[PDB]
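Scroll down for the structure; my scribbles are underneath it.
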Amino acid sequence: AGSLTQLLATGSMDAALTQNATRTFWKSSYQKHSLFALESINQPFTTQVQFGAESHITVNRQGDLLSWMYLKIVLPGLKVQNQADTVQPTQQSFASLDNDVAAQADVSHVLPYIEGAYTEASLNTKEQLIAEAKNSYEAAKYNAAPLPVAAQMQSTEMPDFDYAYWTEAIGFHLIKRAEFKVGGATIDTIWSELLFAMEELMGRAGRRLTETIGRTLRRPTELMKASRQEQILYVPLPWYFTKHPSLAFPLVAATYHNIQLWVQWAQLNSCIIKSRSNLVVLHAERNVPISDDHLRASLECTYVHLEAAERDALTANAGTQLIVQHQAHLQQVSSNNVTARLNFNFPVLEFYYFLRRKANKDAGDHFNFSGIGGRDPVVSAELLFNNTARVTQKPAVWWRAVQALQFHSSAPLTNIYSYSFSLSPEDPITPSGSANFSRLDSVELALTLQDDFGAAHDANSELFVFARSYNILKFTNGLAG
Amino acid sequence: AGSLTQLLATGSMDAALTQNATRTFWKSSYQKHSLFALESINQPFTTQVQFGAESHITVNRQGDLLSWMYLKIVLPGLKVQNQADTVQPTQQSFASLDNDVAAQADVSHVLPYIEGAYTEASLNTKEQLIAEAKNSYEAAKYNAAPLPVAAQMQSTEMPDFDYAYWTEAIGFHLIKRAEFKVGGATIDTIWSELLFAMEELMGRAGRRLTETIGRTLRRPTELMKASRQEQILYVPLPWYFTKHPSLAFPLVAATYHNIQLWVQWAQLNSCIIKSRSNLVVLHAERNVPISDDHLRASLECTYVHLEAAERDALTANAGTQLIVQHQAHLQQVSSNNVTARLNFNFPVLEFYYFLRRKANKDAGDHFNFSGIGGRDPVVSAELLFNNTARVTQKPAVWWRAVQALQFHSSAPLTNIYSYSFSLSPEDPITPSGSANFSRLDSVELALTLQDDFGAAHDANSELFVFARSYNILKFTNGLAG
Amino acid sequence: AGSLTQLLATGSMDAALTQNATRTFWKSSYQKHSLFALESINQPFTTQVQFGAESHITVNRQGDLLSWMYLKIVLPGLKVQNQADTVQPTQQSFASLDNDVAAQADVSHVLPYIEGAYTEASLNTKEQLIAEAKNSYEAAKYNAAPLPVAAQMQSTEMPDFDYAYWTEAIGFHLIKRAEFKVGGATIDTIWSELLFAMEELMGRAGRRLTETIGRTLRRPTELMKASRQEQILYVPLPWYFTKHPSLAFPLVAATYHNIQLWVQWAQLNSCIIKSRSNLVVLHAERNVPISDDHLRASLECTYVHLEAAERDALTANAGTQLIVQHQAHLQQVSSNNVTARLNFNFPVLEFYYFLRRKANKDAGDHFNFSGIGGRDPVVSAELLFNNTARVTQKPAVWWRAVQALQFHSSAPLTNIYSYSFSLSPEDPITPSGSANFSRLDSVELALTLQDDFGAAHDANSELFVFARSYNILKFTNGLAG
Amino acid sequence: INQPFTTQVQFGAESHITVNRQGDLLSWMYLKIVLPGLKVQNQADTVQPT
Amino acid sequence: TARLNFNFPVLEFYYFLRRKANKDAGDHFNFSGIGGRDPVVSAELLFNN
């Protein structure tokens, strides 16, 4: 009686929701689709792959569309030997944990707050004086309550043996820049720092790229274990056509253009960290000093094979694809107040920004976007259009956590900040907002950074700003532009 | 030959799926949208913000729609001083870890199972006798196999120094109640306990509110670290209009109504936990005793600016929005059998329920919904409509884990139970089932709780029941109701 | 001036995106739906439930559709007693940690690399010699750099007391096979190993089945704690009709067919692991030796009640549902080169494969798909259609991580490999690609495994291959087929 | 526009480059050579004098 | 990987390896590997990948 009465208890308001219902929950409807197949094919580079060099590949035409694209990287296992035991000790310098430049830079900021005879003190006494000076510095700069000295003395249990390892997220770090080219024109460009920021914000829970890019979430012991043997990494290249099947790049519609991936590789000296400064780093299998020619890479492409009728239709009329392109503003930082002039073009969906200390970069911690003592490097930021506040001054947590909560699949674990003009900037096919930067005379991101950011040992810290913008790729008569 | 043969190998069954295909995977189609912009604007309260008080803000009209809404809370850093060293030691009482009322309440239930001279025993001997009595209690009540005494002696390594900290998820705890008002009418009401339950069930992986609300997942050492300095929290207010862009509140259509947020704040005594009972809690920067006027809050609103044509269309005909409203049944618990009479109205989508021990509340652990010794407080529950079982007796795990698995984005880490009448209760725009409680003469939730729940030291434990219901908000002639 | 200028700054390209816009972000539209209700009902098996037996249930007709289906399993708490203290010590043998067959099998592969007097060595000296021989084995087989001996000596801190526990993910392990039958015909079949693989790949972040199936992510101390008391598990049965509301099984349309669930249960000897070989395992409450009749299970079904008009429409014309069926190829492995001949039928969406060592199975670690020493058991795999490479030789990481990244909600934590022909194999209602195996004369999965896989102590290791295929379920005149 | 060789460049070897099509005509062409700085050491002080 | 930039209708090709040590020893037609073994384990021929 009650369940039937609920179906009868309808009024004029229910008519807007349920009158002439076009859907039922109790019967499945499905759509028929055209026939297609997927094939994954690995292809060698057209030029030699080496650390610090640029390499390119011309993408083969082994199907009708191009869908997924992965850079397959093979890194050798690492071993170490004392320089005294080596017949040829001359190698490039690597970052070493016995010379922690990031910790030395952090100590340099607290030196003015050390009370007593620091120079003559025992090692254990120096560690105590540094921890007390950190409390005095943080009280003076941040009105922070002092932490117990014992809570600041975190011994990272480093192993009592010699090692070397590939840096955190080495699969991204290796790709300093990649360019997707069609007919000799650059269609899009991606950077190592952008790839990491995109994975932090858009990386879905349970599908994080951890193993596929050599990322351990800053657990040095796991990087050491992984680096003792050969590593095979599959780094996704997040081009517009890899984001949705309807955006797959129509190879058949671009028949008269070569499709090329160009990759600028990281220098070998930046890719490795060692336990001690006096160690030589060896290729684990070959027992020779590691060299720039030990980088191996290939391109793994997923091709789509279409039925003849769909292939012929696509060849006759591929039309236009909405694309997202990436733009970059890269700036050196030498002061706590920084203004970035964002000379980006087109309808910008969103931008990302973050800072890297010089000391973190020099320590080989390339994706450590933290400030001094691991703090947030940004105090506040403001966004100006033509000297008018588009976003008034907001604290770092608003740009990092509130913007990520509103617009992104994930909140960043590092100090990555974002701002979206789009309601759904991760939707590759549905435009949901933008600001046209080609119609603004000035776009300025004004930053107030933490105290002493870009001073002394951190002179030439880096500001990264990346923007995502809409453009249109047109296919006509076997050409793409 | 094989791939072409697959496209030809079609029969009468494939016609229902692929005949006259209206979609292709090999060409992107996109829709054009109207022009809009988003602006985030921070606004002060119209009344003073203080602990234990009620404050309100009249929301400004700085755009055409209202989308996201965050309560921006600023909490001072905490320090502690001995009461003997303080010129004015008189402060409100705070929960203290040297007087663990929750642990004392748990010990009180096992006192009848202590064999031997408990009163005269050494401290280490008392801890052994309590762990043995816990085994005897759990064997007698639950037929549990005894745990090794050493496995029950979990020392939480508490630091050997003085501290105070803001309670777990302080950003939610501060909001005892918030009311969204339009034209003086309350449109919706949210509670601290509901906000926490909603984040447990609907909080997406990689987008949990942890930092934004001061939540550490019960790691006291992280709450201590965070509480030594100023904290800025951004607490999302999950109103119907914040859930989807098409539900954004049409400011232009409600021109003759004031829009107000009212917030009832938590008492300061409930917000802080200290290491010892004899400590005074100080504002870390000001070096004065912490007081009710040290709470600071503002409202951060995201406005939508529309193109004139869409703004004019919305002003002429905003029509009706489907809304979700929240209802609450709050009850004291003094017995292991509890019947809650759910006097909720309208088409209910779902309800949540959970229990809080008096001892957990008094210990300042406001979101600890566990039973005695951290067990599940519910043994079983039944749902009755007009004295007829709508859901027959089911064990706690069915209401907690099976209902969350079927209908929610996440399973709760705490003892939160749910039940959905909707197939998709997290879809804000598509009704997918409900029960109309305004047409039921009685709705009863019958609970069998764990043994001794609501007895002795837990007299006046709390039952929370929250329901989500459909209603319609109508916009007409510049008014909303 | 700028925001209005952006709305005016439109060209011929914007017309494809925004001309005649059929959607606005500033007004919600909702659809009305038909009236329905959901009811969860628990039902006993029609036959006795026992370990190692087959049991069936005839599903009741308590609503119009069948939606969710959970196997509710109740396992007793475990206790242990010395065999010498037991009046009837005769019980089935259980795996024991004092006889670690998996560790003994791993040691057997490194015996040829032990230098010195192993037989006469002290226990601590034998552990050192085994760790050194592991380095020599891994250097010889994999060109691995040696790990420090201290880093290989992981003591799992096992408790110094007697225990027994239910094996990891016991809720899946108990279900050796389940069959969904309609009118005496098997519509679909699921296996324990497939259920685990499906949860690894398709299990969403924050909705993993951990507690619901007794899974701890290989933390033996948590399995021990859980196994001391009665456990209630809710194992989801992932039939086609549980995946989407529009696929709910139409009970009213199948009126003349009995609906049955058949379950083949695991043997009791495979379900329990004990600290020592000389222990008897007891039912914790009853204080009797654990026996095959101590398994309890029931079926929890969610019924849908429809409004009379929708019920009558569905009875008159339920039509056809697209279904996914599961197929299995199970093979013994006795060599490092393995060819699996996949005699699957119909349009295959995707397949999963993985290996289990005999030693891992015999140790009771049923979902440990790792190789020797916890390594990846697959070096490479190739997929052939009619002796032509459909997927050329690819390394294990491509089949495990790249395929999961492209097509699945999660990456597997275990050595589960997949390959999809579908762009969205987790979409239950939208076909997005397949390969028709009923039109291929041969489908071969060729595997190169790690060295010594399937040799000596691992003779009769297992290869599992599972495929998901499309079929059509038809409803006509009260019958389903 | 500067372009790398298609094969390895080494003393005493032959190397080739396929010239890219980055414009409509090709005008100037320069071989950009990078030579390392030189130092000397006595053969007696060298761990590998060969 | 050898990139065979040969022209015209190719009938056949030959390939072989010479160790530096065999050449330096004056054994110019010794195409054996290390310890006189076969220097090639396997080979593949690709046209347009």
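Chains: A, B, ... in order of the structure tokens. Residues: from 1 per chain. Ligands: from 1, in order shown.
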* Neighbours of chain C in chain A at 6 Å, counting only C-alpha atoms, as a PyMOL selection string -> chain A and resi 7+17-18+21+25-28+30+205-207+228-229+284-285
If you keep C-alpha atoms, can you produce a file of those selected residues as a PDB file, in the first residue's frame?
ATOM      1  CA  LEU A   7       3.941   6.307  -7.159  1.00  0.00           C
ATOM      2  CA  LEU A  17      11.185  15.571 -13.452  1.00  0.00           C
ATOM      3  CA  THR A  18       9.157  12.467 -14.454  1.00  0.00           C
ATOM      4  CA  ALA A  21      10.290   9.965 -18.839  1.00  0.00           C
ATOM      5  CA  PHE A  25      16.519   2.182 -14.608  1.00  0.00           C
ATOM      6  CA  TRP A  26      15.027  -1.328 -15.189  1.00  0.00           C
ATOM      7  CA  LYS A  27      16.035  -1.856 -18.865  1.00  0.00           C
ATOM      8  CA  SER A  28      19.513  -1.375 -20.345  1.00  0.00           C
ATOM      9  CA  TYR A  30      23.169   0.288 -25.568  1.00  0.00           C
ATOM     10  CA  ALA A 205      43.999   7.800  -7.050  1.00  0.00           C
ATOM     11  CA  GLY A 206      45.104   4.177  -7.770  1.00  0.00           C
ATOM     12  CA  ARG A 207      46.527   5.253 -11.224  1.00  0.00           C
ATOM     13  CA  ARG A 228      70.783  -1.557  -8.496  1.00  0.00           C
ATOM     14  CA  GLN A 229      69.300  -3.210 -11.630  1.00  0.00           C
ATOM     15  CA  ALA A 284      76.191  -2.437 -13.078  1.00  0.00           C
ATOM     16  CA  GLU A 285      76.308  -5.051 -15.904  1.00  0.00           C
TER      17      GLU A 285
END
* Would you list which chain A residues are within 12 Å of chain D using only C-alpha atoms, as a PyMOL selection string? -> chain A and resi 45-50+53-58+84-90+181-186+257-258+260+262+293
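Distances to residue 419 in chain B were evaluated for B:468, B:439, B:375, B:218 using only C-alpha atoms, and the minimum falls at B:468.
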Mind dumping a table of every chain E residue within 12 Å of chain D, with the nearest atom pair and its distance in Å to one decimal, using only C-alpha atoms, sorted by chain and rising number, as a tab-separated table?
residue	atom	partner	partner_atom	distance
E:1	CA	D:7	CA	11.6
E:2	CA	D:7	CA	10.7
E:3	CA	D:7	CA	9.7
E:5	CA	D:16	CA	11.1
Output C-alpha atoms for every residue in that selection, as an mmCIF file, in the first residue's frame.
data_model
loop_
_atom_site.group_PDB
_atom_site.id
_atom_site.type_symbol
_atom_site.label_atom_id
_atom_site.label_comp_id
_atom_site.auth_asym_id
_atom_site.auth_seq_id
_atom_site.Cartn_x
_atom_site.Cartn_y
_atom_site.Cartn_z
ATOM 1 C CA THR E 1 71.231 -1.739 -35.317
ATOM 2 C CA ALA E 2 72.715 -1.326 -38.808
ATOM 3 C CA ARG E 3 70.809 1.117 -41.081
ATOM 4 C CA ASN E 5 71.321 2.707 -46.915
#
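Minimum atom-to-atom distances from A:59, A:323, A:440, A:473 to chain E were compared using only C-alpha atoms, and the lowest value belongs to A:59.
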Among chain E, which residues carry a DSSP assignment of helix (DSSP H, G or I), reported as a short mmCIF file (atom, residue, chain, number, x, y, z; two decimals) with C-alpha atoms, in the first residue's frame?
data_model
loop_
_atom_site.label_atom_id
_atom_site.label_comp_id
_atom_site.auth_asym_id
_atom_site.auth_seq_id
_atom_site.Cartn_x
_atom_site.Cartn_y
_atom_site.Cartn_z
CA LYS E 20 89.20 -5.53 -32.33
CA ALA E 21 91.49 -8.06 -30.59
CA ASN E 22 91.42 -10.47 -33.63
CA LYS E 23 92.27 -7.54 -35.98
CA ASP E 24 95.09 -6.32 -33.68
CA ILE E 34 84.94 -14.29 -27.40
CA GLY E 35 86.68 -17.67 -26.86
CA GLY E 36 85.99 -18.58 -30.54
#
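Atom to atom, CA of residue 363 in chain C and CA of residue 270 in chain C stand 8.9 Å apart.
The closest residue to chain A, picked from E:6, E:15, E:47, E:31 and counting only C-alpha atoms, is E:47.
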* Distance query range 120-135 of chain B at most 6 Å, only C-alpha atoms, self and fewer than 5 positions along chain excluded, as JSON, numbers by chain -> {"B": [110, 113, 114, 146, 149]}
